[PDB]
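A short write-up of the structure that comes next.
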Ligand SMILES: CNS(=O)(=O)c1cccc(-c2cc3c(=O)[nH]ccc3o2)c1
Ligand SMILES: CNS(=O)(=O)c1cccc(-c2cc3c(=O)[nH]ccc3o2)c1
Ligand SMILES: CNS(=O)(=O)c1cccc(-c2cc3c(=O)[nH]ccc3o2)c1
Ligand SMILES: CNS(=O)(=O)c1cccc(-c2cc3c(=O)[nH]ccc3o2)c1
């Protein structure tokens with residue numbers, strides 16, 4: 001299942017609990033960027049996925065403020081959990097920084113992260 | 001200035017509380033506002049934004065399952081709140097559907113929503 | 001319909017020709033209108049769109065090198081032309097910069113541009 | 001290093017010439033290897049990249065019409081070429097379909113493709 005400790009291809013650590021009500025909660029620790037130690041995450045998942053072989057849709061958000069640092073930014077991951085002997089969560093993400101209006105056209109980075117239960 | 005009701009460009013509504021802890025919690029629904037159109041949302045925002053004129057970074061997730069309906073998908077919105085008399089939340093979003101691996105390349109839609117406090 | 005001079009919401013100027021073969025060719029520049037701000041574009045469009053009221057799919061690329069400046073980056077716009085009283089091109093775009101592998105996670109910006117044949 | 005035949009992670013074949021003028025020209029075969037599956041591509045690349053370990057920025061478009069078929073859609077790939085013994089083109093893509101205005105919110109898929117010089 002989704003609940004567990006996951007790592008992406010960059011070595012970031014995603015510690016998540018999937019609640020019976022569809023909630024995702026936990027912490028995220030980035031291996032990259034303006035980031036130190038753990039950040040709160042919250043999100044949602046489909047708690048009754050299709051039974052036709054499809055993955056389980058989910059998403060979560062981290063605002064990159066904690067007691068140590070504040071990057072004035074937030075990332076959302078949108079993806080699906082795919083069961084198997086090598087369980088994986090495949091995502092794409094949007095990282096939006098707070099900007100002035102003049103800089104808003106460059107406010108948002110996009111990428112893709114794949115998570116498994118092992119580090120790189 | 002984030003707490004309250006916001007409206008997008010297409011007759012959808014959300015309703016959010018921005019907690020002191022950086023949490024976003026509320027509901028996402030239709031203009032119609034019927035039970036079957038309402039879904040839980042959760043996310044995060046920067047509770048200590050820059051004071052240089054920059055927007056406030058935020059994001060949230062809705063999984064498209066409620067007690068009535070299940071689309072087996074989730075949307076994440078990543079964006080920034082821009083304050084004023086003409087307050088706005090400018091977002092980009094990712095909507096991932098659960099798929100089989102053969103169909104994964106087509107799992108994710110992208111788009112953009114702008115929210116205002118004024119019911120349109 | 002596609003052939004012409006288009007302007008995005010930020011005042012960039014897109015001078016395009018839609019060839020009978022599906023080709024898009026032209027230049028992309030900034031409002032100030034200097035030679036040093038002007039770059040080659042190439043792309044493709046659906047030369048035989050549906051007849052059911054749908055828009056016409058298209059895309060183009062600008063690499064941000066000209067005889068004066070090189071940003072070691074490229075933008076692609078993907079979207080559709082919507083004909084009628086006031087014709088419009090609605091796009092989303094990806095801007096990739098050359099990075100080292102360690103920085104590749106932050107190589108790509110995403111946004112959305114709308115074009116009309118009038119200035120904003 | 002860009003000119004040649006490339007293969008993505010899903011069996012498509014990207015046949016490209018990188019011109020001295022920054023042009024990308026070629027064919028994309030969504031298949032192995034029939035005429036009905038071949039489409040024109042055009043795009044642009046940084047013809048004077050850095051030699052500091054950074055990738056070479058680039059992008060291209062396919063409109064999914066040929067003499068046999070027409071999906072009324074176009075993909076743009078935005079990314080970077082990374083040279084060396086294990087050369088890659090790492091991309092993110094946007095696939096826009098022509099839609100009605102009512103369906104425009106769901107016009108654009110996003111994903112990622114990695115291309116190699118050896119068949120996967
Ligand atoms: C906003 N400034 S920053 O330097 O770019 C920044 C700050 C904090 C964290 C991230 C970060 C981690 C992280 C990850 O693990 N996968 C994808 C995206 C990504 O972004 C990026
Ligand atoms: C009444 N709910 S619904 O029709 O079943 C449904 C199902 C899946 C998705 C969306 C939906 C809305 C919505 C939006 O307002 N911005 C971005 C994405 C997005 O997706 C709505
Ligand atoms: C790293 N290259 S760059 O400095 O970011 C650069 C240089 C010149 C022009 C643009 C540019 C214009 C432009 C636009 O009109 N719509 C979307 C994206 C976009 O990018 C970007
Ligand atoms: C709406 N058009 S379509 O039916 O979905 C269609 C038809 C033929 C080929 C593709 C296609 C291949 C392909 C690829 O290799 N990477 C990225 C996107 C992408 O799209 C898409």
Practice task
Using the structure shown, decide if residue D:55 is touching a helix residue (DSSP H, G or I) at 6+ places or on another chain (Cβ under 8 Å) and under 20 Å from residue D:87 (Cα atoms).
Solution key: yes
Practice task
Go over the candidates A:32, A:62 one by one and state the one that is more than 16 Å from ligand 2 (Cβ to nearest atom), closer than 23 Å to residue B:22 by Cβ and in contact with a helix residue (DSSP H, G or I) (Cβ under 7 Å, 6 or more places away or on another chain).
Solution key: A:32
Fill in the blank from the handout: Residue set A:62, A:82, A:118; condition farther than 25 Å from residue B:26 by Cα and either crowded, with 23+ Cβ neighbours inside 10 Å or touching a strand residue (DSSP E or B) at 6+ places or on another chain (Cβ under 6 Å) (or both); output residue A:82
Completion exercise
The condition from (1) touching a strand residue (DSSP E or B) at 6+ places or on another chain (Cβ under 7 Å); (2) surrounded by fewer than 14 Cβ atoms within 10 Å (Cβ to Cβ) that residue D:35 misses is numbered (1)
Handout entry: Selected residue (criterion: farthest from ligand 4 (Cβ to nearest atom)) from residues of segment C:55-85 that are within 7 Å of another protein chain (Cβ to nearest Cβ) and in contact (Cβ under 8 Å) with a residue 40 or more places away in the chain
Key = C:60
Problem - residue A:111 within 7 Å of chain B (Cβ to nearest Cβ) and either in contact (Cβ under 8 Å) with a residue 40 or more places away in the chain or under 14 Å from residue A:8 (Cα atoms) (or both) - result: no
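Look through B:21, B:52 and report the one residue that is over 27 Å from residue A:55 (Cβ atoms), surrounded by fewer than 21 Cβ atoms within 10 Å (Cβ to Cβ) and touching a residue at least 24 places away in the same chain (Cβ under 8 Å).
Going through B:21, B:52 in turn, the sole match is B:21.
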Handout entry: Of the criteria (1) surrounded by 20 or more Cβ atoms within 10 Å (Cβ to Cβ); (2) within 16 Å of residue B:39 (Cβ to Cβ); (3) more than 16 Å from ligand 1 (Cβ to nearest atom), which one residue B:91 fails
Key = (2)
Practice task
Inspect segment B:98-108 for any residue being under 16 Å from residue A:62 (Cα atoms), buried (at least 21 other Cβ atoms within 10 Å of the Cβ) and facing chain A (nearest Cβ under 7 Å) and give the result as yes or no.
Solution key: no
Completion exercise
Apart from one, (1) more than 16 Å from ligand 2 (Cβ to nearest atom); (2) within 8 Å of chain B (Cβ to nearest Cβ); (3) under 18 Å from the mean Cα position of the chain (by Cα) all hold for residue A:119; the odd one out is (2)
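Bear in mind these aren't lab numbers, they're just calculated from the coordinates by the rules spelled out. Don't worry about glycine lacking a Cβ; one is built from the backbone with ideal geometry, like all the others, and counts go over all protein chains shown.
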